[PDB]
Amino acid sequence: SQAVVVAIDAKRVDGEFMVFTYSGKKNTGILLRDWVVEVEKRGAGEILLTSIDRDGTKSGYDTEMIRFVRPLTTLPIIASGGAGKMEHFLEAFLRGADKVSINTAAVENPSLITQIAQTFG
């Protein structure tokens, strides 16, 4: 299972977390709560959980979505989308994320990588 990462992009639609495909543009009609479980059962090794609701912003990770997903699966959850500053990483971990993903934020401030790794491993 260690070989498979499932990336899940989700956002709020009418009070429900829905899975989106095609770079966050197509509403699949599949509930996030159902998909997370199925991905675990099928043998995914970790989940890359991207909130389309926070992706591209610097407001922090979507901690409500992390909280929602945490009790539904035992897999490692990688929080993605929204990171801007050091306090955001602790916040994700406190909601049950196992890992944090950074991209633009890392390029623009490489020291974030160092700071997370020295604090959290």
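Numbers follow the displayed sequence, beginning with 1.
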Review point. Comparing 58-66 with 36-44, which stretch shows the greater average C-alpha B-factor in the deposited entry?
Key: 58-66
Exercise for review: Higher average CA B factor in the deposited record is what I'm after, so tell me if that's 9-17 or 103-111.
Suggested key: 9-17
Exercise for review: State the tercile, meaning the lowest, middle or highest third, of residue 86 with respect to the CA B-factors recorded for its chain.
Suggested key: highest
Exercise for review: Comparing against every modelled residue in the chain, figure out the third that the C-alpha B-factor of residue 28 lands in (lowest, middle or highest).
Suggested key: highest
